[PDB]
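Chemist: Got an experimental structure here, sequence first:
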Amino acid sequence: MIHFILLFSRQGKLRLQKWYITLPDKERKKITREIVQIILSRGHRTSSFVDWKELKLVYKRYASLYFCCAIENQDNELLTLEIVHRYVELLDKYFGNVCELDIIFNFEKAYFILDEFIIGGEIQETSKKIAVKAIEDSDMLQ
Amino acid sequence: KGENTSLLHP
Amino acid sequence: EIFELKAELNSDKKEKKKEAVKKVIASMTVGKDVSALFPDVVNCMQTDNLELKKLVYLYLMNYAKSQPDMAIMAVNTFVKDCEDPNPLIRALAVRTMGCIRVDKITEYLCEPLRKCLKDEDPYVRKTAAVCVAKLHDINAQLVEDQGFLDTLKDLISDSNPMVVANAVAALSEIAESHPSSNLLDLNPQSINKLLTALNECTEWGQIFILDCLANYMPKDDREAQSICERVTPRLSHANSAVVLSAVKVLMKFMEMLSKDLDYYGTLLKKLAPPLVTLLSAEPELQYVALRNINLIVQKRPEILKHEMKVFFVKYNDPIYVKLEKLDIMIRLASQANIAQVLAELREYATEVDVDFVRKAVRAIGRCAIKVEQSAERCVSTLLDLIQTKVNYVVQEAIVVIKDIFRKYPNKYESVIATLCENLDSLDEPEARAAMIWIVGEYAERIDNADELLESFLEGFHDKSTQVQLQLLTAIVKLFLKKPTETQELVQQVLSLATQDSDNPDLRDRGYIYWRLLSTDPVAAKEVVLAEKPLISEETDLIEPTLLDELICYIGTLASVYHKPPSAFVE
Amino acid sequence: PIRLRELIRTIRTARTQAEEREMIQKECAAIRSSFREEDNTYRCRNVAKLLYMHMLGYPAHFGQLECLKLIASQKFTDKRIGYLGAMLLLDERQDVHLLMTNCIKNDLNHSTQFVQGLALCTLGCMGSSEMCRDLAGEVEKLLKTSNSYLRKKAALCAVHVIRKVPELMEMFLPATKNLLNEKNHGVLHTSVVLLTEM
Amino acid sequence: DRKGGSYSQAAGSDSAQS
Amino acid sequence: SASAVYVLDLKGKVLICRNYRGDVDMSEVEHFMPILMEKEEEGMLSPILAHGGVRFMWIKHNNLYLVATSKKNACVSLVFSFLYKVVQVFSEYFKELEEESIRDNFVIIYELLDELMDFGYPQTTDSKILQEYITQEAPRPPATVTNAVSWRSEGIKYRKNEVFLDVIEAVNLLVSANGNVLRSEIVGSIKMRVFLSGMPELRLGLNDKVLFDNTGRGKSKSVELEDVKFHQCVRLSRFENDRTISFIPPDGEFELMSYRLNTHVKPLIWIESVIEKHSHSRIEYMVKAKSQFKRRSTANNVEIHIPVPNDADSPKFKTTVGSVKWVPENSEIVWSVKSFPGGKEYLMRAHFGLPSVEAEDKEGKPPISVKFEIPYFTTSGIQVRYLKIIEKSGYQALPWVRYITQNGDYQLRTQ
Amino acid sequence: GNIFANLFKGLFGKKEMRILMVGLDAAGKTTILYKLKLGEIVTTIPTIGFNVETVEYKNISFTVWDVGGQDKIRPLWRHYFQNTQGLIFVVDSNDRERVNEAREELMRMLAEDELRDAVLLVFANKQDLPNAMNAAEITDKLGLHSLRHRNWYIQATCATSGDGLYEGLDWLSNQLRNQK
Ligand SMILES: Nc1nc2c(ncn2[C@@H]2O[C@H](COP(=O)(O)OP(=O)(O)OP(=O)(O)O)[C@@H](O)[C@H]2O)c(=O)[nH]1
Ligand SMILES: [Mg+2]
């Protein structure tokens, strides 16, 4: 299960945050700052995997805004990257040419999509079209 | 800018 | 881009050459490596317009070390420009010649420097004096061979007070890097001549004029009295550095002055208003002023004895100034303003800065330790802070109480009952250990000392080495004092620290305690529970040798850090 | 009631940290003024602004009762905003999620598949040691249903309850039996995850 | 007029002190 | 002894750099930003940094930090003075101190930086004198820089000879929460805008206590200035000899003298504020302002800032005189009064709500600061006696001066 | 300014008012609220959190915020004390041992300086068993007459029957609205 997911920009600003572990607000902020510093202080050939606090911190940013995850040391490492890619593809399909500008303004939509896709740190829908259809149906409810 | 670019460009 | 810029710069039109020069200057400022086009801009250097000449000179200076080989095509231009009738052009050429860090270029620049050394224009004279110092810093041997020391020395004894100050500063810089051999010191006549031009020098020239006297050492009271009288007017200067330099000069000269005469008293009285005025400077200079006051406080603490209200930290004061305010108050703390210091510390304990709160607690503890007349007030303030229900404040109060008990524990039995139940659940190693030590040493006014130590013995094997040692010492002291209610506690502590304790020092201490208990429990009272001698407090005053050297280094990097000049430079 | 896009643009227009903090405080003052009046029309915009301010690094403690009030509301947008606020600014150590158990129980039996799903997702994301104790009975009821879209949510809620309460796994053994024949990939994945966790 | 107090003319020296 | 004077920005980018000695590599500026960030996040941030063997001492400007790298044991005070002089020169040349002029005035900025300091030793710092040799829209340098008088350009001619003075008072009061005032000092400020023809030698004369005692008139109202800081034009020797303030006024507005003496009188404005803050229910602000100043003086634009709760919402103000507004940006109640006659008494009754949920961290108790400004009122009682304007040509000057009384560090500690 | 729109709105009814639902658990608070809103005795699980509803009667929207009597929810009544104008206390006359606890909770809730304008509203719930007291014995035991600056009114309402709810609503409307 993913302990936490933090979508941070290249400049260090965070556009998304979703932690599945109940932590203090100050502790959560410190952890986010440390993760941003570690990711921002890493090269492009670091394997996209960091063992921070005994957590397989996987970073894979496909644009200026980066992505982060906190997977426990009990599952495969490529699974987190595959899940991140699937989530990015689903968000792009739901939004349509998703960019950094739409993420900040449409943070509620991204949060709803993440909730409908991953709940409690585990995957909820393996397919990419069923989740999109469910999100569209929920949005069309009003 | 660098923000208007698509995350995956699909 | 690059090709277009080169074509524009290699044209015969001045309107395009100026635009190309401006674009090249902007690219360098924007962070563009334009050193590849240095040879192209060399051709468009000898221009009549002064606007493009300055840009070319700046580019050459900034692109001189990068391409030293390509800089050989500018010696002739510099030589030609060093004889222009306009003083501004000559000054710019002199500044650019000394700014180029080229080993093969400064050798041929000696002739222009010698020619401009005796220039009639004061700006040209200042530029030559600056270039001589720059060349000496770049190449001391070349400067010595050129014989610029004699020309520099004669500069101070000539007209043009700004040029004289510049020459004095250049000579001081050269002697600063020099090995003290063939020093540029002068007799009293030179000092009098410099003082005569001190009142006519500019704001920047005042520092140069007063720095020279920082190296000279007066030998007679009359000379020292005259120097003090001449430096007294400098205390009313609008420049913050001028006032600090004058104060440093007065402090240095006071080492030879006689306290029997009235000159020392007048100097002391005229220096406090200067410190008060400097204390109201900018926040950036506030730290420097505080460091200077601390450095001079340990040498002449009788000047700012009555200056206590101005040391109060303001609400909008910076952290670097707020921290220094507490140190200044502690250094100037006395029984006269003990109540004011306690009130200021009490107000400083209600802030939100954890570092500020810790600094205030440390200052209060230092004031309580230094002055025994306010020990009761300090104890009451610490008790109030502990009752304030603040974790950091509680730890600070516990540390202060532990420090005070070791120093003044004769009448500290009235606070043990209050500290017996004072939220002992805090896990701070600096507070739990202090509480354990206080309980062990003060296990007479608390009837539940054994019960209190029971809670701290649950994890004694994994709490900490210092904490475990303090707990073992407290248990041993309790067993020695009251072995009826702690007979089993001592055995349990020995078993836990001797069998399940892998710490080398802790294991040795436990073995020694067990051996003492099993050999002679009666002798343990006179061996373990003995009357320790007076604890020597850590004096904050600097060593007299360092203080004397720090006196001459006032307003520099060695004064703010309170470190020797050779212990921080590289 | 300022819109979320307007607030985002205003925040982006601030350059200095002090200016951004001043703008955030100015927006929070209006948000608190609206909340103190018991506003229910533009409550979604205020909740979104408060969530954006909290994510940017500003305090949001005062916006705790508003999220609880919006959770027990009837509007779909208000319910979604309340669920998002509970998921983001609400945790086990918050101490204000105890009253949310009644709202979750009321929304757990809702006929709508979106409100119940949102409540289940919020319970799974912010499961507490006491919420699962009073919500274990309702979780098992939804796990035995034939809803493909709700089967995965029920499995996730059961897994979260088991992780938070290891002693509650005995009540899930008779509910997950004979559940490996689900045609949907999501239901099968949820069942496999639950079996692995057990 | 001017905020902060109207400007007043100043003397040349202490006429009473010679 | 600065090695390279550079100007940074809010994003860590160096807007402009100008090395003076070359002993410090230009790449050390990149580590200044991470060092400053680390110092700020740990509470050890200071104006003077240290990157190994190189110290980065600089001040914080409006939008950029003028960090001046150094390697040797250079004078920190000298570096600070040079930075202040550079900031003043930039303010005189450019009305705004931001990134808008750094990237647009590089042609003149580079020339000013080169002319200001050479080899780390500044030589020219007068904005008026420097404006005659370095302009953004070149002749030989003026003789004023070479001459002793570097603060008054010769040959200045005007149709009239009018000098406007400004005796601005700064009433700073440090009142503790117990109701007593700890730091109560008044700092004078004699700022004059000299506009005359030629190079007159002004002879400032005031009713100083020392001067009155020396002359034998130490019995009338005399200002007891504990510290007097004259300008560069003021002759220190003349003041030290017989309290003679003789100096050549500059062309424009400048600070001649800055008196600073303690005040033992009652505060002009007395604020009696109470805090009936309920435990997460409501709050009351029974703030009463008492004017102890003379009734003939009016405190125009009186603004007594009352720090209200940070999370307070739905506030109500029940005052008597003056508009009361709460600014959420500052988190305080601004008791703004347009006209405050001396001896007046304004009573206010604040009432604001509070959220039921308690705050996660403490916010502190900022002191209450008043913004009273009563013109034509000199608290110190210092009055200008004479101004000897002497010119070789001979002209009839028309000196003028006004007395303005305002509030400086007049903060009141809260309970 | 003009208040023509306000007068037009008030000509047909504009005031709504508020109300609170607090008391011990199993005191008929949820059943009383259901009867006031719907008019039927609905059986519900114990109120772990809270229930919010509204009642439209006499042109006034009497919003009822049910609050449980659980130990973990007893100190949570301060959350609804903000922006609250009314308060209704549900007594449990069928629980002799819980009567003291209910009285203590009512005294604790009535000892707050924030809740001062909320008039007392004592409802005699569970008025169907012979062990239930009258409208004066319960008030005398609770000391409702000793609440200074508190307008309290004791009304007996039967959860199964619904009698007395109209009288309580009329009393609440008269206490809240002071017009014709
Ligand atoms: N049969 C019967 N039961 C009643 C009557 N009045 C009160 N009760 C009891 O009171 C309880 C009412 O509970 P709810 O209506 O669900 O709401 P509540 O009063 O707030 O109780 P909690 O939810 O536990 O806080 C019922 O369970 C009944 O047992 C009544 O007139 N007849
Ligand atoms: Mg109920």
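Modeler: Sure, I can see it. Residues are numbered from 1 along each chain as shown, chains lettered A, B, ... in the order given. Ligands and ions are numbered 1, 2, ... in the order given.

Chemist: Contact partners for the closest residue to residue D:65 other than its chain neighbours?
Modeler: Closest residue in space to residue D:65, ignoring its immediate chain neighbours: residue G:79 at 5.3 Å, by CB to CB, 6 or more residues apart in numbering or on different chains. Quick note: C-beta positions are derived from backbone N, CA and C, even for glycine. By CB atoms under 8 Å, 6 or more residues apart in numbering or on different chains, residue G:79 lies in contact with D:65, D:68, D:99, F:356.

Chemist: Just send those back as JSON lines, with distance to residue G:180 too.
Modeler: As requested, these are exported to JSON lines (distance: CB to CB, whole Å):
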{"residue": "D:65", "distance to residue G:180": "36"}
{"residue": "D:68", "distance to residue G:180": "39"}
{"residue": "D:99", "distance to residue G:180": "40"}
{"residue": "F:356", "distance to residue G:180": "37"}
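
Chemist: So which of the residues you listed is the closest to residue F:179?
Modeler: Ranked by distance to residue F:179 (CB to CB), the contacts of residue G:79 are led by residue F:356 at 33.0 Å.

Chemist: Against residue A:55, how distant is that closest one?
Modeler: Look at residue F:356 and residue A:55: by CB to CB, to the nearest Å, they are 36 Å apart.

Chemist: Repeat that for residue D:67.
Modeler: 29 Å.

Chemist: more crowded one of these two?
Modeler: Using other CB atoms under 10 Å in any protein chain shown as the criterion, residue D:67 and residue A:55 rank with residue D:67 on top: 26 against 18.

Chemist: what sits against the residue in chain B positioned nearest to chain D?
Modeler: Ranked by CB to the nearest CB, the top residue of chain B for proximity to chain D is residue B:3, at 10.5 Å. For residue B:3, the contact set (CB under 8 Å, 6+ apart) comprises A:9, A:64, A:65, A:99, A:100, A:101.

Chemist: Not counting its neighbours along the chain, what's nearest it?
Modeler: Nearest to residue B:3 is residue A:100, by CB to CB, 6+ apart, at 3.2 Å.

Chemist: can you count the residues close to that neighbour?
Modeler: Residue A:100: 21 neighbours (other CB under 10 Å).

Chemist: swap in residue D:160?
Modeler: By other CB under 10 Å, 25 other residues sit near residue D:160.

Chemist: Name the nearest residue to the residue in the stretch 51-200 of chain F that chain E sits nearest to, sequence neighbours excluded.
Modeler: With CB to the nearest CB, the shortest gap between the stretch 51-200 of chain F and chain E falls at residue F:164, namely 6.1 Å. Leaving aside its sequence neighbours, residue F:164 sits nearest to residue F:193 (CB to CB, 6+ apart; 4.5 Å).

Chemist: Would you agree that neighbour falls within a strand?
Modeler: Yes - assigned with DSSP: H, G, I helix; E, B strand; the rest coil, residue F:193 falls within a strand.

Chemist: got the contact list for the residue nearest the centre of chain G?
Modeler: Of all residues in chain G, the one closest to the mean position by CA atoms, centre = their mean is residue G:88, 1.9 Å from it. By CB under 8 Å, 6+ apart, the residues touching residue G:88 are G:19, G:20, G:21, G:22, G:23, G:64, G:121, G:123, G:172.

Chemist: got the phi/psi numbers for it?
Modeler: phi -120, psi 130 (degrees, to the nearest 10).

Chemist: about what we covered before: right, and the residue nearest to residue B:3 touches residue A:63 too?
Modeler: Yes - using CB atoms under 8 Å, residue A:100 makes contact with residue A:63 at a distance of 6.7 Å.

Chemist: Hmm, residue C:94 is touching residue C:131, no?
Modeler: Yes - if you go by CB under 8 Å, residue C:94 and residue C:131 touch, sitting 4.8 Å apart.

Chemist: Neighbour count for the two, which is higher?
Modeler: Taking neighbours as other CB under 10 Å, residue C:94 and residue C:131 compare with residue C:94 leading, 32 against 28.

Chemist: Show me the strands in chain G, by range?
Modeler: Counting by DSSP state E, residue ranges of the strands within chain G are G:22-23, G:50-57, G:60-67, G:89-92, G:122-125, G:154-156.

Chemist: can you tell me if the fifth one touches ligand 1.
Modeler: Yes - Strand G:122-125 comes into contact with ligand 1 (CB under 6 Å from any ligand atom), by way of residue G:125.

Chemist: if we can go back for a sec, tell me how far the residue nearest to residue D:65 lies from residue F:327.
Modeler: Per CB to CB, residue G:79 is found 29 Å from residue F:327.

Chemist: roughly how far apart are the residue nearest to residue B:3 and chain G?
Modeler: Remark: distance between residue A:100 and chain G (CB to the nearest CB, to the nearest Å) = 39 Å.

Chemist: Find the residue closest to the residue in chain D that chain E sits nearest to in space, skipping its chain neighbours.
Modeler: Nearest to chain E, among the residues of chain D, is residue D:22, at 27.8 Å (CB to the nearest CB). Once flanking residues are discounted, residue D:22 sits nearest to residue F:329: 4.0 Å by CB to CB, 6+ apart.

Chemist: what's the answer for residue D:21, then?
Modeler: residue D:58 (7.8 Å).

Chemist: What's the local residue count around the one you found?
Modeler: Other residues close to residue D:58 by other CB under 10 Å number 15.

Chemist: can you check residue C:412 too?
Modeler: By the criterion of other CB under 10 Å, residue C:412 has 20 neighbours.

Chemist: ok, now the one 10 residues further on?
Modeler: Other residues within reach of residue C:422 by the criterion other CB under 10 Å amount to 16.

Chemist: Chain neighbours aside, what residue packs nearest to the closest residue to chain B within chain G?
Modeler: The nearest approach of chain G to chain B comes at residue G:49, 39.9 Å away (CB to the nearest CB). Of all residues not flanking residue G:49 in the chain, residue D:102 sits nearest, at 2.3 Å (CB to CB, 6+ apart).
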